[PDB]
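Below is one structure; the comments refer to it alone.
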Ligand SMILES: *Cc1c(COP(=O)(O)O)cnc(C)c1O
Ligand SMILES: *Cc1c(COP(=O)(O)O)cnc(C)c1O
Ligand SMILES: NC(=O)[C@]1(O)O[C@H](CO)[C@@H](O)[C@H](O)[C@H]1O
Ligand SMILES: NC(=O)[C@]1(O)O[C@H](CO)[C@@H](O)[C@H](O)[C@H]1O
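Chains as they are written, first to last, in my numbering: chain A, 1 to 810; chain B, 811 to 1620.
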């Protein structure tokens, strides 16, 4: 047992054991003779869950009594992952449960692997919401996460013949012990219908009704006895719905399809009606819940003083016109008063600048699905533009540029413009991203209302991303500076005074080696893949995207392969290059990239001359639980997006906290990471944002690089000739064609510097002692990237509430 | 507290209270300040449930150790109703829980009304299966009920403008505390595909797979510590199902529709594909489960010695060809051996003789959905007919009459013929019904294999239908003869020696009066309907059907009304005529009958001259929980089906056990009831089966009765002229037309005798003392109708197992 895992008290271990057996008997209705590992997992889960409800009930009662300002985080995604270990960590129960299960003759680690990941997210955006919930609870904020309880989360990825195959993520199959259905708080949501203008107000009538049933999941703070709530809505058809009798009952599945599945798109907008329904569904149910709670604390003047609503991207943007609809149509406030309240309550966070990801809903869709909201949006636009016209008289082009309504083939509503107009604060997620927002995409808005624009650099929770996934590292750190850093990561700076400590250097290197052996074993366990634990673990895990440039990584791998084949008996630092991530089902190029990666591995991993000097592994079904395993085992973190495309990135922060060195472009948070650790302790390369703009001004021509770089030319010709696809010589023609003629992310432009930088990485790896000292310099300066710092800034600069580290009673 | 309700021990009441609070806190995650009546109901349910799991686990372990012959009751319907009170009764916990909840400041009766009825049945057939499960557990048989877990049971009936409106029975909305999902025992079921004939056997290939997930519900025996299992299958699509990505996920609801809703037909066959899928789904999953259990006890010679499968009607008839398919195609037994095993294992129970209820599946449907089964059915038919031909040489018409395959417009498979051929026993559900089977419908089969035909008169469980719904009566009875009768209803005969006991007579009459006041109050509570508790409660509750003749009851009611209007100041015994029951959604005539009943009430209940002398009430949403309330309050039980149409009936037995006198035809079980109590203690009238046949031979002409009976003529003319439907004068034209020209059930033929018999009923009611003495004579002789007697006969005469009243350890 390690210190950071808590105490294994005699009384508690005894108590845990009896409750474990109690649940196995009464809850699972099983006996030790027929119980399976899954049964044991559930018995443990219910036992740990019991320890939360006491605190959960008290916390909520506490908020009712003190009535503090409530924070509502709206998101269509919450990538929670597993809950068992996280709960034990935050309740200081890990060692006791480990001991208790040990005494029952069970291996707790084995039981933990049985829990299904709660994959209600695509990647970074969804995981950020999850980290935020953890930090808000740890900082004592009266916060509530509101989303959708999808029956099916992000698909499970299978690799067949080197191609990605998707399969349903039936995560609720065996039940979810952490959630508590609250059918008593079901609320009605309206769709379609028409607007009636009467004597005293517009009325939205003849609507189709869909019920929203809430399910609550506890969110425990770190050892402070605070347990907040994440409420996810599930769609239910009313009982007189459609009420052939049989057909009417079967058609209920039509209204319930709203919460059936998560759209698997990352940084890509797909204007489908079902998606719009999901967005309104979450917003309508949530706002009714917010108002109800507010009325049970009626002059909405104090509404902004008791309520804060944070819009995670534009997905829940309809909250703005919905709040107006309720205040004007139902509460009967005058427009101006309602608008004042709405703006002071809402804040919007932008997460990307890529055009294909921006939400622009066709007017005809909103017109049919939400007629009243469209009218309100037009009125908002009308008044907003009048303000622009008054500030910039005669600037007619500005008017059309800032309009919430876009004219063209089909009229569309720019949801981002709607959010800026209706929020009192708009923030980016990394310093460089926030600056780009003010200088380009939202330049006109910044000039009109400069005070609204802010920055809030992303972060990750050190509980799940250090203590939970890397106890070995958390322990050697605690041995030197104590445990206080777990909720005050800035304290990691104290490790700087150990950079020359021969004992620490040895331990840091030891933990990393153990993590790699552990991972190298898991790889053969559940995926039969031998690898060499002595090689440098080169890892790039994140969603497959052209802007993330997994292709640039591929070009490097092929370069290393060709160089070995050219001079076989020359020494090179051994490497295991691991690439993993899911591709959106309809993203063809992304799916082709996965096939390319596996095709490269097929050639490289079976070439006798190469040996164990270079391996290429594609990490199947990358997800939160997998990240917790591979990140602690990484040596090199690949963060190579084209400058100006990755708003922030968060995987980069995870690797930095876990002892990996970073090779990357000056993009998103990478800039601040290098700034914190010192550029000499980072492997930076490639074009900066300004270099990219210069290339665009003069026109990017890939042919130029192909003509001037012999090694690059050889690679393209290998791909084109079928070297990596014998049976299908022209298999990768689309890839080559894109790279040569229409590459929006300029892979070739950064190739030379990337390869040269990779050489400097291999050089440092040859000097174990100095590699580790640089690692220590990274870990020691990763404090700024804790989501506790991020949330504290949102709290003080946007929500108007003070964070607290005070423990609530037991 | 009453004696039959158990002891309220000091220790147990204390224990119950703490566990109640424990579940309210840890299970429901609530505190006394926010808990609602529903929360309290669930806290109590989980507390009582806890007391079962100990016994449930032991019982099943016991069967594994002793390995007795297992009884499998297959049914597509199980009308269970509520479970809380029944569980308390069988565990002797009623008074303790009443006390415990009382001490917690809660009214247990109020909490019981919160439980949703488990309505997985249409009426008699489904309720019989439920009573049987109770008796099998009470008699210590190793029995298992197998069915489908419908998401939506029988629809909830709403009456609007006097018309029936149907609404979805979302019974699982708030969760089901009694069931335990067993996802670990999920089994695959195959559909469609094609048959491949290879070297060594036929193979069913290219099939569509649907998963069957089981949910187990405990079935406690009466105070014997036995807890059997009812396993219901739920449909689940495999995870690579259909695997547009989004559309593929949404289409999963197509395979899952199999267990979505119960077909609401009573005594009516509707050849829909979805229905056929449900029938095979339950059969395929169940048989795999049966075999697995059998292999874990391989020469299927002993299969019939360890397994008995009872087919509840022909709904699960595919069990016969499915068992053959498994034994021949998978286990590789020779046909003859497999057939021997199948026949010795299967037994079939017929529940009706009406032609429209008989299952005749179109060959083209089976051909596409279950190609292999169709081939097996043809082979069975081939060999069966060869046997007929050998026994009756030259009788070619017999061959075509007995064939399992019916020729005509579209070829069909007679499922009843399939069942007789493949079962070693075939039984009817009442003496007269079983005789009719041998003399008419199955005459040819009886002549070929006389030994197969038996009778097993239906019964009802005295636990739910006496102790639970009428504790007042159960108590005064126990006061005289003890409690032993609750599991040995024949002992009620001892009450015959009290027929002249002035104290008993007074108590019997007292309990009935209390029940009527209780019901008269409930009527105003949840349905705002005042009624007179002093009047005779005339009740007919059962599904709306032409053969059940609610129309004959209507004719009587109108007759009473007209007679009062003719001589207003003449005395008549006051009556409250109550009629209730659901009509199948697509049964037009049944829906018109409901409208007629409410229309009559509209006129009668508002006629000043009538006063409180006659009321006509339509009991809305008749279901099990409602039956438990109205039956104990009834004085007169209406069982007036046309002779030869009601196979048995069970509502008739419920009324007899609860102190109501019976007015009815010599049909179904009525015959045996009159025989047991003595015809002088029953109000019998109308044609006997032989009279009906005579009328058919000479041709039924309704006009004759209309021309000869003045009172009847007046009624038809009132209906025709719009007397009961002012705004819609011809509203009941279809009813009059049917009655006059195409009435298959001869309502008019029994009108005169029915009215005269009703007069004799009113005469006896005027003499309270003698009315009660006859009641005592009925209750005292109702013993034969306990389902314990029925199950004991099935056990000894069909299944080959001995029942047991031995208590299992605590
Ligand atoms: C942290 C995380 C991400 C985000 O990674 P980036 O490299 O910033 O894109 C995506 N997926 C999972 C499962 C994560 O844990
Ligand atoms: C007993 C019962 C029946 C069967 O009644 P019959 O009069 O035999 O048709 C039908 N429905 C319910 C709810 C029952 O309890
Ligand atoms: N918009 C997104 O989906 C994204 O994943 O969001 C993350 C969190 O802000 C960012 O870290 C990331 O850069 C961005 O791509
Ligand atoms: N076949 C049926 O559905 C029916 O309800 O079954 C009951 C039980 O045998 C019988 O009591 C009843 O007579 C019959 O109509």
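Note that the Cβ used here is the ideal one computed from N, Cα and C, for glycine as well.
Sub-8 Å separation of residue i and residue j beta-carbons
i	j	result
residue 1611 (chain B)	residue 881 (chain B)	yes
residue 189 (chain A)	residue 205 (chain A)	no
residue 976 (chain B)	residue 1079 (chain B)	no
residue 1564 (chain B)	residue 1355 (chain B)	no
Residue-chain proximity (residue i, chain A), Cβ-Cβ < 8 Å
i	result
residue 1067 (chain B)	yes
residue 839 (chain B)	yes
residue 1060 (chain B)	yes
residue 863 (chain B)	yes
residue 866 (chain B)	yes
Closer than 8 Å to chain B by CB, residue i
i	result
residue 243 (chain A)	yes
residue 314 (chain A)	no
residue 20 (chain A)	no
residue 173 (chain A)	yes
residue 107 (chain A)	no
residue 101 (chain A)	no
residue 170 (chain A)	yes
Coil, strand or helix - residue i by DSSP
i	result
residue 666 (chain A)	coil
residue 339 (chain A)	helix
residue 1538 (chain B)	coil
residue 455 (chain A)	strand
residue 467 (chain A)	helix
residue 522 (chain A)	helix
residue 945 (chain B)	helix
residue 361 (chain A)	strand
Alpha helix (DSSP H) segment containing residue i, residue limits
i	result
residue 1408 (chain B)	1398–1414
residue 832 (chain A)	Here chain A covers residues 1 to 810 and nothing more, so residue 832 (chain A) does not appear.
residue 1581 (chain B)	1578–1590
residue 371 (chain A)	371–391
Pairwise C-alpha distance: residue j and residue i
i	j	result
residue 34 (chain A)	residue 1029 (chain B)	21 Å
residue 1437 (chain B)	residue 1344 (chain B)	21 Å
residue 411 (chain A)	residue 539 (chain A)	44 Å
residue 985 (chain B)	residue 992 (chain B)	16 Å
residue 90 (chain A)	residue 135 (chain A)	11 Å
residue 917 (chain B)	residue 296 (chain A)	29 Å
residue 1522 (chain B)	residue 330 (chain A)	60 Å
Opening and closing residue of the beta strand (DSSP E) in which residue i lies
i	result
residue 1424 (chain B)	1424–1429
residue 752 (chain A)	First-last for residue 752 (chain A): 751–765, but that is the alpha helix (DSSP H), not the beta strand (DSSP E).
residue 418 (chain A)	That residue, residue 418 (chain A), is in no beta strand (DSSP E); its alpha helix (DSSP H) goes 415–421.
residue 348 (chain A)	346–349
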